[PDB]
Amino acid sequence: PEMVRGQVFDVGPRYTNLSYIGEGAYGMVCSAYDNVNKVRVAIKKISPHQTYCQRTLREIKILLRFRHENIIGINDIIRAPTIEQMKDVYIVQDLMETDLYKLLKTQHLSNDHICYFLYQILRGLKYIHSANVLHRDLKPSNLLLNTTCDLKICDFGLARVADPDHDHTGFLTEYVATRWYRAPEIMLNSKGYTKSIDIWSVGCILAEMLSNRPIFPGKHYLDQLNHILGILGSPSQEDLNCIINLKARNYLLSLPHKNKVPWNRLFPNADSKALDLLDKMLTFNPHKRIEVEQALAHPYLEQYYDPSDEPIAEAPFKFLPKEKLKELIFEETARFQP
Ligand SMILES: *CCC(=O)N1CCc2ncsc2C1
């Protein structure tokens, strides 16, 4: 087997000429030459705890069901022919030159790039939400870009089926998804089980594309809320009345009055239509927040908007001892075997 940086990367004879790319949320990622389709591909190595493991299965199930131009696919999965011999699992995907995280650390985006990227994010998000799925970890590093700026959403490890009727929780409930992109309600009364959680993340990503800086870089759980309130200002009486939980309500009532920071003062170079859409995505009250199809229909995206070319999923998506999780991964990866 081939080796990469003192660790095995055993992708059989189909995939050769490995180059290290880095570490992702899963482990070693390389590119390799696919000797069958005659293109370089990306391969990630998954090695066996049960949260790392449950997120692997969740992602494989979703990505294998989804078919969309703005969502990364799975091209192949390499594993041993039996459960007994199964150890590492290699997931093969289209090679993408870069991602929005890397691009934003180094590159100023034209308004035309911001507009196009935002369109493709929302176009992909429409399909995800049409399948009754929430991504729940949208952020620049999960937005892949190729050399011609085609964009693909990746990393469905934290994804869930939408469940608004079970979205309520207490104040300060722990949350898994990346902190800077968390909607204010996660810190107050939400388990992140509604589509509005992803729109907030997209709003954060838009703002970040406008300035190359994260808009709400919280250093810890409650500091994230105070970054949000520092820009949106204090919530209105009506938006507070929507929060029935008393600990959450009373926390917000305890804070001094904070003025709204106008969007055009934070983003003096931004297109005015971009800022009107940003405001609607970064709405405090999740019931008032714009939905993906409305966002697509916003004047900012008029050059691209075409609902007949923004496909949806054919059906809503449909859903543990450690031995059972291994067997399910084996079963879910069976189609790539001889
Ligand atoms: C979320 C990251 C992902 O799915 N990727 C697959 C395509 C790809 N190309 C280069 S690095 C990478 C990771």
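- The deposited coordinates for this entry were obtained by X-ray crystallography, with a reported resolution of 1.6240 Å.

## A closer look at the pairing of strand β4 (residues 28-34)
And step 1. With six of seven residues buried, β4 is to be regarded as a mostly interior element.
And step 2. Of the strand pairs in this sheet, strand β3 (residues 15-23) and β4 are connected by six bridges, and their pairing is antiparallel. Of the residues in β4, the one forming a bridge with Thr16 is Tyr33.
And step 3. Taking the residues that link successive antiparallel strands as the turn, the β3-β4 hairpin has four residues, and the phi of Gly27 there is positive, at about 150°.
And step 4. Two elements, β4 and strand β5 (residues 39-46), share six bridges in a ladder whose sense is antiparallel. Each residue of the ladder has a partner; that of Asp34, found in β5, is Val39.
And step 5. Where β4 folds back on β5, the antiparallel hairpin that results is connected by four residues, among which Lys38 adopts a positive phi of roughly 65°.

## Here's the deal with the UniProt feature "DNA-binding region" in the chain
And step 1. Here the UniProt feature "DNA-binding region" sits at residues 247-265.
And step 2. Note that residues 247-265 is 58% helix and 0% strand, and that its end C-alpha atoms are spaced 33 Å apart.

## Some remarks on the domain arrangement of the chain
And step 1. The domain architecture assigned to the chain consists of domain 1 (1-95 + 321-338) and domain 2 (96-320).
And step 2. The C-alpha-based centres of domain 1 and domain 2 are spaced at 29 Å.
And step 3. Each side of the interface is counted separately: domain 1 has 25 residues, and domain 2 has 28 residues.
And step 4. Of the roughly 2,300 Å² buried where domain 1 meets domain 2, counting both sides, 57% is carbon and sulfur surface.
And step 5. The three residues of domain 1 that bury the most area against domain 2 are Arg65, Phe66 and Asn70, which together make up 26% of that side's buried surface.
And step 6. The interface formed by domain 1 and domain 2 holds one salt bridge in total.
And step 7. The partner of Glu69 in a salt bridge is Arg123, and the shortest N-O contact between them spans 2.9 Å.
And step 8. The interface formed by domain 1 and domain 2 holds ten residue pairs in polar contact in total.
And step 9. Contributing elements (two or more residues each) for the side of domain 1 that touches domain 2: α1 (50-65) and α11 (322-332).
And step 10. For the side of domain 1 that touches domain 2, the element with the highest residue contribution is α1, accounting for eight residues.
And step 11. Counted by class, the side of domain 1 that touches domain 2 contains twelve nonpolar, three polar and ten charged residues.

The rules behind the values
Residues numbered from 1 in each chain as written, not as in the entry; some residues may be left out. Heavy atoms only, no water. Buried < 20%, exposed > 50% of the residue type's maximum accessible area, 1.4 Å probe, protein only. Helix = DSSP H or I, 4+ residues; strand = E, 2+ residues; numbered from the N terminus. Pairing = 2+ DSSP bridges. UniProt positions renumbered as here; feature names shortened; annotations may be inferred. Domains from an automatic or database assignment. Contact = heavy atoms within 4.5 Å. Buried area = accessible area lost by both parts, 1.4 Å probe. Salt bridge = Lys/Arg side-chain N within 4 Å of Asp/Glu carboxyl O. Polar contact = N/O pair within 3.5 Å; in protein donor to acceptor, adjacent residues only side chain to side chain. Nonpolar A, V, L, I, M, F, W, Y, C, P; charged D, E, K, R; others polar.

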